[PDB]
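S.K.: Pasting a structure below so you can have a look.
Cβ sites come from the backbone with ideal geometry, for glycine too, and all protein chains shown count toward neighbours. Every number here is computed from the coordinates shown, using simple stated rules; none is lab data.
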There are 2 protein chains.
Amino acid sequence: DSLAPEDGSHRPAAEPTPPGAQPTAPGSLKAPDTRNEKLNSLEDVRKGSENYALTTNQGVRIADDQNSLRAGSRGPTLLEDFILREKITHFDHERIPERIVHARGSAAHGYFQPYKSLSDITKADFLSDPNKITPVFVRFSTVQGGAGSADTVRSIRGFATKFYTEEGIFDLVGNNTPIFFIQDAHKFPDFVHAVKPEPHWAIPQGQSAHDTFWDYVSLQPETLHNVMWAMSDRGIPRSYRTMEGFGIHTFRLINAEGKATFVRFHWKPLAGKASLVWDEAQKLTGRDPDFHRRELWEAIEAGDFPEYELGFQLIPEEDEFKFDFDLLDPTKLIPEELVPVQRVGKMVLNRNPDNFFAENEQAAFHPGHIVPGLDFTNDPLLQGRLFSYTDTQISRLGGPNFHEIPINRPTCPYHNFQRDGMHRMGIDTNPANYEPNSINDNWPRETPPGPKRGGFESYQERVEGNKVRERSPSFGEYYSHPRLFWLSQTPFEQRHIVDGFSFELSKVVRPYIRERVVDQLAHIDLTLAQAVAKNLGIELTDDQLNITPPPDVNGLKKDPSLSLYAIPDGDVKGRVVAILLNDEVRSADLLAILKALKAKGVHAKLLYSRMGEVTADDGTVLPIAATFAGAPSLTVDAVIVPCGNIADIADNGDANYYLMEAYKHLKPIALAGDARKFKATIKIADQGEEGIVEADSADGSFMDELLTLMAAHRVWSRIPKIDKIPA
Amino acid sequence: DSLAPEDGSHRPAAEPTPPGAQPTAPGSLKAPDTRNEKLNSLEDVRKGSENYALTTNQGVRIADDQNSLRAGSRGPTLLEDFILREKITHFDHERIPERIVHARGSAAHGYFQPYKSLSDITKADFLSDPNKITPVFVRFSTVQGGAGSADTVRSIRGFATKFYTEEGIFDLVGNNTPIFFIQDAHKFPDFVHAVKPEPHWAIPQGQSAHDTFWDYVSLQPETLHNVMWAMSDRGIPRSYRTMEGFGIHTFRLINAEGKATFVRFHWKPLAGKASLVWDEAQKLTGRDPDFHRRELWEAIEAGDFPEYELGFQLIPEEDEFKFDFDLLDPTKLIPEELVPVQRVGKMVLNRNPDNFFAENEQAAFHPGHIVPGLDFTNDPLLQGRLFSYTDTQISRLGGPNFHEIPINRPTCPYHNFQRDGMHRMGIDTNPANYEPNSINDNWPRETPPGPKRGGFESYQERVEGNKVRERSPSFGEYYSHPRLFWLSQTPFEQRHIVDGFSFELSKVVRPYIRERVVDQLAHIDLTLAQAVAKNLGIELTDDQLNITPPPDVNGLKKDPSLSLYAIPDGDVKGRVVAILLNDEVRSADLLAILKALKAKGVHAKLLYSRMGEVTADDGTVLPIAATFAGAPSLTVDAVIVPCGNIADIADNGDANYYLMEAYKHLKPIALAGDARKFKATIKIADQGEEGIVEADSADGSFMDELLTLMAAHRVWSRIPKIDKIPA
Ligand code: HEM
Ligand code: HEM
């Protein structure tokens, strides 16, 4: 019975459509022609559905899937009902342990390709040829919250990429800020317990704004650098497409001659950098907790494929000790003003998964998964990471055969003498399960290291020292990097940093914790320290006002690449506008609006005070995407109000509020014809104001003004005007 | 090191304190003297900390917990560092699968006591004497969301009680609505999959507002009854303390004479019934995803112990077929106007756990866990539940010995011949591990059924019919209960239901699903259906307008017990008021305000534009709990603005917004003296309006008027006035 509508509107068209135009769907159904070698190898396990009989897991067709088997229709359920018991058993056992950290994350498939061969600095096969494509799977995530926590919380973001290379899987497991909070892996559990929900009551979810986090931070000043990044707008990116990615650690590149070059990995978002503002981001955790997940998935369904440029910071082995910070300390960044990022390749994510659980939830990334041509360093954080990912995956994924879970399998050959383990898929036919063996003529065999297709050999780094549990003295500097970061931010970015700390610390119950954090800020920058103190009603002592600021980092008083916005990099393709309709829309305005949006690849969402349709003045029937309250201004990049019967919406509280919120959150607003009467709601200017586009009608000029504002992301100059507004 | 403040302010006092006054803490440190038998029996596994050396799990003291062992202070981490490896290993394996459903929950310890012996109707030992105290552990929960999802989502709530009786554990696993969505347990995986995040992209979290839910509901009209309850304000309770609880299924009570009586279990909230309004709930999911968890914990830390009355709907075996609905159908309620709830006992929750993971996360509740004196019925949803809880716990809790996890252990004796299994704690000394045996003289032995302390014997219900997979034809009625519920609601409740369906259907992307649900609403009630259809821009057809309304339920055209608010039952103790300060508060107003709240057990939170202190007009120093933006109006029940230097906050956007939000969400507001300048902000006439308390000062009847308003929970008369207002 219960079947599809006659018109076939239950099923999404298999072509790129704008967000909200069609029901989203499994990637292989939405984009059947989008392929890559990894995507294709997953076909052995894909399972369709159309035209097949419903069955048990043993293949027995089910006749009645609505009822348990009972002795009489009002009788007891019988134990012999094996259909019911398999069905309920499988349901009872759906859940697997979520990731210890980064449990909340969203992933997609794609491909990578280098711009040119890097064979002079590395023998890694995936970086050796500009026309040799490597399939990728990328998972972006938050850090602290559970798998069901919200996307747009304040947090560091993970950015993990699995490269299915010809010589093995390479996972580049990084974050959206260039440093981590702590120096040695031994303190990981300590840092993570402090930022996670407090042990007695398991509060708060997905947030650092609570006593144990600020306690830990105040007692461990090595965390201040990453805490500055987290409190800036870097902790609340607008989308996974508009954030940077970094491997943080110094790794090594090894070429065919055996030369080692120190390397730091970067991803540059080709959609530019952009973040939300705090109030918007926190409200968005309530209006749409899956905002980033949704936005990623929709951009891929729309053809706005997230694109990132892989880049390398390269430091010759002889310059190991030439900075004023240790290269092996993960709480220290390498300023691009000192070591520029060399462009290496492009990564495009062009296909969503079919099943979230099977591919996203069971994906396993590990910074230890390297290939010939790459090698580690002694960074003490990285070092302990090599132990942990392998270990956690044995319980998370139920045993040691997690490499056999479809998303995790290499697409290149894998042969060895490992056998058995829970849920073993691979049936080995080798007569031998050990080497050396003569009965299989010693196959599979070891392969010497060499220029290409060779066996892995570690770089022979010289090791000299006593066995000690000791932090390197060169790691003992905690304030100059925080200060460099502060000084490179724009004034409005600095304010947002002050506000992040003031908000967070105001949720710290124990007041001495607040004071101690303020004291640490005083070691970074007195202006910052005083601005946070003032918000906390704290007064800096005379001693605190005399703390000398830390030294510059190798002569640097600022580095503009550390700011999200000092260097313009705005891109409107893939952004979205809210269009507030009225019941007699002036079609001429809409037409002009939609044409200019379409030329720049900007999407639109048609909003009204009810769902269904409204008819424009020329008879055009406009389907309503959502209501004013149901898809808040939080979810769009700018707002446009066309003319028409404005009296229909002029007194609407949600419509008025829509604009006050957009205004407060510094988004571009454009008002045509009688829509300019809404200017009194956002109680400001009569001759106009930068950030508000206005005209008798929506024209070419009106739309260029709006699109230019959109390209600068937000109206920073409006900051001074928003704190009187009641929104 | 000795890191605590010398003042001792890192430590909350071990005495009842109001919410926000001190840092919250593990139950046994916060209320050491609050004991019960179960709480005392857990003392064997409680672990302290103070004054102990830091060790490995094997008892080896640790010297340096800040660093890994390496070959040189900048060298590689050594494999021999067993301290690092045990520490990271335990951390790496901290997580366990979350519950398949009801993963998000909050729990507490308490005790139960019956009002009088129920021996005439049940031989259940915990109900046989009013001086017999049974320890309980209760967990309240949402349904769909992960363990990290938000508290205040729209959803049914779970209400599970573990009774540690002298004759066994009895778990009463119910919800906050008297019926469930589906009739037979075979469809649980289908219903649950439909309500959970859609499989391709795992969106949306914690919400039924999406296509698959509404698709399922529109094809399975048996769900409408519970969908009505979920769409009403029942789905967004103000707190776990202000909601009702139900067992849902008909069970049996068996007395010593062998007589079976049918029973439905109810829990009445002694704090009264209270819910939020949708906008507030939704916004609260972002501002504080742990609002319910927090309120429960702080209520118990303040002495506002959540209290519930256990009540029984009793129906003689002879009346099984006397109703319009089948008693064994879980989608049907038993109208209290037909069968009154008989008061049975009182449950008081008076202590939080010590460790959320250990006690809450690992608690295992199961409706099949009954004791002599109770028995099941053939309700087909219940019948399948009896299989599921046992099964799911083998994987969630790691094996068949989950009854040995401290929180789950019986306080009464348990002895049998079961052995081994993962994580086996009990070391059995019985020479025999089988019965009958002669080698231990057959111990432990079976015990015949009897009036007290006898063995379990099922009631000998007659069974008759063929082995069939068949829904009873008596279950095929889907619309009269939904209609009864609808007609029992106040007019503002009906509107809220209409708004729930409207908002939810507005997030369904496929319009035909919205149409199909509207067609189903039209079989319940025309006014409901038309109002929802209008909100969706849908017109009912002439046939839909002529669908005949379903019959009354046994002559009833309404039952006021089904409404949250038709019959006042307001209780103010434990509610919280926001006090908006200024920098020279009339201290006379504040003294009047604070004393009056305290007299009724009403808590207060002093708010301002910054943290720190402000000084009242007489020099009283006032400590600030949070900012206007930091503890939004969503988290209080009422707002009071005292006189002083109102010009200080008159133009504060946040202060103004605070009132707008509280006014929009129907909360009582009280403005003293010059605080009445805020009337313009919320458009209050000069003459005033019901719901707004205003006077020249906070003396006389000012606090009595505000407290009368708090007792009625919200100002429903204000609904029409909020329609407009931009907030
Ligand atoms: C620079 C420092 C670090 C970065 C950039 C980082 C990044 C990440 C990312 C992006 C993920 C999620 C991968 C996914 O999407 O599945 C992750 C997970 C994880 N991280 Fe790291 N992390 C860092 C430090 C550490 C440390 C020091 C440890 C422990 C010694 C650690 C242990 C883990 C574990 C156990 C997981 C879960 C892996 C799984 O369950 O498969 N992380 N980390
Ligand atoms: C009258 C209908 C139902 C009610 C009132 C109900 C209530 C609940 C509650 C309150 C919980 C959470 C317990 C806790 O806090 O740990 C729960 C969990 C659960 N429910 Fe039920 N449920 C119902 C129907 C069902 C059905 C039909 C099934 C499957 C046949 C089912 C399977 C489960 C499972 C597997 C869990 C997780 C338990 C665990 O992991 O320990 N429920 N249910």
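S.K.: Assuming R0 = 51 Å, can you tell me the calculated FRET efficiency for the pair B:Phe417 and A:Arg61, based on Cβ-Cβ distance, to the nearest 0.05? Display every interim value, and only then the final one.
M.R.: On the way: r = 41 Å, r/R0 = 0.80.
With a Förster radius of 51 Å, E is 0.80.
S.K.: I would also like to ask the following. From the phi of every residue in segment A:464-477, what ³J(HN,Hα) in whole Hz does the Karplus formula 6.51 cos²θ - 1.76 cosθ + 1.60 yield, where θ is phi - 60° and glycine or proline is x?
M.R.: Karplus-based 3J(HN,Hα) across segment A:464-477 equals 8, x, 9, 5, 9, 9, 9, 7, 4, x, 6, 8, x, 9 Hz.
S.K.: Provide an ascending nm list, one decimal, of label-point separations from A:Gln66 to the equivalent residue in each further copy; define each label point as 7 Å from Cα along Cα→Cβ.
M.R.: For A:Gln66, the inter-copy label distances come out at 6.9 nm.
S.K.: Still on this structure: For A:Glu690 and B:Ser9, what is the calculated FRET efficiency with R₀ set at 35 Å and r taken between the beta-carbons, to the nearest 0.05? Display every interim value, and only then the final one.
M.R.: Details: r = 48 Å, r/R0 = 1.38.
After rounding, the FRET efficiency stands at 0.10.
S.K.: A further question follows. What does the C-alpha gyration tensor say about the overall shape of segment B:470-573? Classify as rounded when a/c is under 1.5, otherwise prolate if a/b is larger than b/c, or oblate.
M.R.: On the way: a/c = 1.89, a/b = 1.21, b/c = 1.56.
Since a/c reaches 1.5 but b/c is at least a/b, the shape of segment B:470-573 is classed as oblate.
S.K.: With a point put 7 Å past each Cα toward its Cβ, work out how far B:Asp33 is from B:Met425 in nm, to one decimal.
M.R.: Placing both labels 7 Å beyond Cα along the Cβ direction yields 3.0 nm.
S.K.: So, one more: Tell me the net charge near A:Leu581. Cut-off is 13 Å between Cβ atoms, A:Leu581 excluded, with +1 for each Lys or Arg and -1 for each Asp or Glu. Provide the component values of the computation, followed by the final result.
M.R.: Values: positive: A:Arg586, A:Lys605, A:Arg610; negative: A:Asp583, A:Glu584, A:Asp589, A:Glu613, A:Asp617, A:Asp648, A:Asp654.
Result for the local shell: -4.
S.K.: Could you go through segment B:54-71 in sequence order and give the Karplus-derived ³J(HN,Hα) for each residue, using 6.51 cos²θ - 1.76 cosθ + 1.60 with θ = phi - 60°, rounded to whole Hz, and x for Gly and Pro?
M.R.: Per residue, the Karplus-derived 3J(HN,Hα) values read 6, 10, 6, 6, 8, x, 7, 5, 9, 9, 10, 9, 10, 9, 7, 7, 9, 8 Hz.
S.K.: Within segment A:52-104, list the GluC sites (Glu not before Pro) lying in a DSSP loop whose Cβ has at most 14 other Cβ atoms in a 10 Å radius. List each step's numbers first, then the result.
M.R.: On the way: sites: A:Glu80, A:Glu86, A:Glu94, A:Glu98; in loops: A:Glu80, A:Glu94, A:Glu98.
Within segment A:52-104, the qualifying GluC sites (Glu not before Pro) (loop, at most 14 other Cβ atoms within 10 Å) are A:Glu80.
S.K.: Multiply the residue separation of B:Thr527 and B:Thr390 by 0.36 nm, subtract the distance between their alpha-carbon atoms, and state the gained length in nm to one decimal. Could the numbers behind the result be given before it?
M.R.: Details: separation 137, 0.36 × 137 = 49.32 nm, distance 4.47 nm.
Extra length available between B:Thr527 and B:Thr390 comes to 44.8 nm.
S.K.: Assigning unit charges at the beta carbon (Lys, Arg +1; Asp, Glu -1) and nothing else, what dipole magnitude in debye, to the nearest 20, does segment B:574-727 show about its Cα centre? Could you put the intermediate results ahead of the total?
M.R.: Values: 17 positive and 21 negative charges, 141 e Å.
Taking the Cα centre of segment B:574-727 as origin, the dipole is about 680 debye.
S.K.: Let me ask something additional. Count, for each residue of B:296-302, the Cβ atoms from other chains sitting within 10 Å of its Cβ, then give me the mean as a whole number. Each step should come with its number before you reach the end.
M.R.: Working: counts 1, 4, 1, 0, 0, 1, 0.
Neighbouring Cβ atoms belonging to other protein chains average 1 per residue here.
S.K.: Mind listing which GluC sites (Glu not before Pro) in segment A:251-331 are in a DSSP loop and have 10 or fewer other Cβ atoms within 10 Å? It would help to have the intermediate numbers written out before the result.
M.R.: Numbers: sites: A:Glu257, A:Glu280, A:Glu295, A:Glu298, A:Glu301, A:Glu307, A:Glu309, A:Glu317, A:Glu318, A:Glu320; in loops: A:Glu257, A:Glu320.
Filter output for segment A:251-331: A:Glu257.
S.K.: Which values of log₁₀ I(q)/I(0), to two decimal places, follow from the Debye formula for chain A at q = 0.06, 0.09, 0.10, 0.12 Å⁻¹ with a uniform point scatterer at every Cα?
M.R.: So the normalised log intensities are -0.42, -0.92, -1.11, -1.45.
S.K.: How would you classify segment A:152-304 from its alpha-carbon gyration tensor, with a ≥ b ≥ c the square roots of the eigenvalues: rounded for a/c under 1.5, else prolate if a/b is greater than b/c, otherwise oblate?
M.R.: Numbers: a/c = 2.09, a/b = 1.19, b/c = 1.75.
The shape class here is oblate.
S.K.: Let me ask something additional. Once you sort the root eigenvalues of the Cα gyration tensor of the protein assembly as shown as a ≥ b ≥ c, which label holds: rounded (a/c under 1.5), prolate (a/b larger than b/c) or oblate (the other case)? Please report the intermediate quantities before stating the final value.
M.R.: Values: a/c = 1.33, a/b = 1.12, b/c = 1.19.
The shape class here is rounded.
S.K.: Let me ask something else about it. Could you tell me which of the pairs A:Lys573/B:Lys196; A:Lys38/B:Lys87; A:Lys677/B:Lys679; A:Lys196/B:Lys187; A:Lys467/A:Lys557; A:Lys721/B:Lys677 are separated by over 29 angstrom between their Cα atoms in the structure shown?
M.R.: Numbers: A:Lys573/B:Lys196 32 Å; A:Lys38/B:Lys87 36 Å; A:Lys677/B:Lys679 25 Å; A:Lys196/B:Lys187 37 Å; A:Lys467/A:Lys557 39 Å; A:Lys721/B:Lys677 22 Å.
Pairs exceeding the cut-off: A:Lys573/B:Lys196; A:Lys38/B:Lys87; A:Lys196/B:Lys187; A:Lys467/A:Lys557.
S.K.: I've got another one for you. Just to verify a number: FRET efficiency for A:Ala432 and A:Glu457, C-beta to C-beta distance, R0 = 25 Å, to 0.05? Spell out each step's value before the answer.
M.R.: Working: r = 24 Å, r/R0 = 0.97.
For A:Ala432 and A:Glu457, the calculated efficiency is 0.55.
S.K.: Express in nm, to one decimal, how much length is gained between A:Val45 and A:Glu86 on full extension, taking 0.36 nm for each residue of separation and deducting their alpha carbon distance. Walk me through the intermediate numbers first.
M.R.: On the way: separation 41, 0.36 × 41 = 14.76 nm, distance 2.10 nm.
Full extension of this stretch gives 12.7 nm more.
S.K.: How many nm is it between the label spots at B:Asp618 and B:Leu54, if each spot is 7 Å from the Cα in line with the beta carbon?
M.R.: For B:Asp618 paired with B:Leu54, the spin-label model returns 5.0 nm.
S.K.: Average partner chain C-beta neighbours within 10 Å, per residue of B:469-475? Mind dumping the intermediate values first?
M.R.: Values: counts 14, 10, 7, 6, 2, 2, 2.
If you average over the peptide's residues, the count of other-chain Cβ atoms is 6.
S.K.: Something else about it: Mind listing the long-range amide H neighbours of A:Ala107? Cut-off is under 5 Å, sequence gap 5 or more, other chains count too, H placed in the peptide plane at 1.01 Å from N.
M.R.: Amide H neighbours of A:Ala107: A:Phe140.
S.K.: Enumerate the helices in chain A for which the Kyte-Doolittle hydropathy averages -1.0 or more and the C-alpha atoms extend at least 24 Å along the helix's axis, using complete DSSP H runs.
M.R.: On the way: long enough: A:380-396 (25 Å, -0.42).
Helices passing the filter in chain A: A:380-396.
S.K.: With unit charges on the beta carbon (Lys/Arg positive, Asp/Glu negative), name the residue among B:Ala685, A:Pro642, A:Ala274 whose Cα is farthest towards the positive pole of the charge dipole of the protein assembly as shown.
M.R.: A:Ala274
S.K.: Within 10 Å of each Cβ of B:606-615, how many other protein chain Cβ atoms are there on average? Each step should come with its number before you reach the end.
M.R.: Working: counts 0, 0, 1, 2, 7, 11, 10, 1, 1, 0.
So the per-residue partner count for this stretch is 3.
S.K.: What are the label-to-label distances in nm, one decimal and shortest first, from B:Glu690 to the same spot in the other copies, with labels 7 Å along Cα to Cβ?
M.R.: 5.2
S.K.: I've got another one for you. Please identify the trypsin sites (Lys or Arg not before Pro) of segment A:31-136 that satisfy two criteria: DSSP loop assignment and at most 16 other Cβ atoms within 10 Å. Which are they?
M.R.: Passing both the DSSP loop test and the Cβ count: A:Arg35, A:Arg46, A:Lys47, A:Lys116, A:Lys132.
S.K.: In what sequence, highest mean first, do A:617-624, B:514-521 appear when ranked by Cβ atoms within 10 angstrom? Write down the numbers at each step before the final one.
M.R.: Working: A:617-624: 13.5, B:514-521: 21.9.
The peptides rank, most packed first, as B:514-521, A:617-624.
S.K.: A further question on this structure: At 7 Å along the Cα-to-beta-carbon direction for both A:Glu464 and B:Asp129, put a label point, then send me their distance in nm to one decimal.
M.R.: Using points 7 Å along Cα→Cβ, the separation is 8.2 nm.
S.K.: So what are the ³J(HN,Hα) numbers for segment B:31-37, from phi and the Karplus equation (6.51, -1.76, 1.60; θ = phi - 60°), rounded to whole Hz, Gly and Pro as x?
M.R.: After applying 6.51 cos²θ - 1.76 cosθ + 1.60, I find 9, x, 8, 7, 10, 7, 4 Hz.
S.K.: Tell me the Kirkwood hydrodynamic radius of segment A:17-156 in angstroms, computed as one over the mean inverse distance between distinct C-alpha pairs. Please list the in-between numbers first.
M.R.: On the way: mean 1/r = 0.0484 Å⁻¹.
20.7 Å is the Kirkwood radius here.
S.K.: Can you find, among A:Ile334, B:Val136, B:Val463, the residue farthest towards the positive end of the dipole of the protein assembly as shown? Put +1 on the C-beta of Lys and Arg, -1 on that of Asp and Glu.
M.R.: Result: B:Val463, furthest along the dipole toward the positive end.
S.K.: Note down the net charge around A:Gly570, summing +1 for each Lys or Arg and -1 for each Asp or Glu among other residues with Cβ under 12 Å from its Cβ.
M.R.: Values: positive: A:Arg238, A:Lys273, A:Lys573, A:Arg575, A:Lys600, A:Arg714; negative: A:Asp569, A:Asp571, A:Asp637.
Local charge sum for A:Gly570: +3.
S.K.: Using per-residue counts of other Cβ atoms within 10 Å, averaged over each peptide, order B:677-690, A:160-173 from highest down. Write down the numbers at each step before the final one.
M.R.: Working: B:677-690: 13.9, A:160-173: 22.1.
Highest to lowest by the protection proxy: A:160-173, B:677-690.
S.K.: Let me ask something else. Net charge around B:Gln520, counting only other residues with Cβ within less than 13 Å of its Cβ (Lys, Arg = +1; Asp, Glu = -1)?
M.R.: Values: positive: B:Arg483, B:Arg514, B:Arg516; negative: B:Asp215, B:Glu222, B:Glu515, B:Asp519, B:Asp525.
Taking every other residue near B:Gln520 into account, the sum is -2.
S.K.: Please report, in debye to the nearest 20, how large the charge dipole of the protein assembly as shown is about its Cα centre when each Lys and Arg carries +1 at its beta carbon and each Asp and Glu carries -1 there. List each step's numbers first, then the result.
M.R.: Working: 158 positive and 206 negative charges, 96 e Å.
Here the protein assembly as shown has a charge dipole of around 460 debye.
S.K.: Over segment A:380-476, what portion of Cα pair distances is larger than 18 Å, expressed as a whole percent? Before the final figure, lay out the partial values.
M.R.: Working: 3211 of 4656 pairs.
Distances greater than 18 Å cover 69 percent of the Cα pairs.
S.K.: Calculated from DSSP H runs of 4 or more alone, at -39500 (n - 2.57) each and per residue, what is the 222 nm mean residue ellipticity of the protein assembly as shown, nearest 500?
M.R.: Estimated from H runs of four or more residues: -7000 deg cm²/dmol.
S.K.: Shifting gears a bit: Suppose we keep just the DSSP beta bridges with both residues in the protein assembly as shown; what percent of those would be antiparallel, to 5?
M.R.: Details: 127 of 162 bridges.
Around 80 percent of the beta bridges assigned by DSSP in the protein assembly as shown are antiparallel ones.
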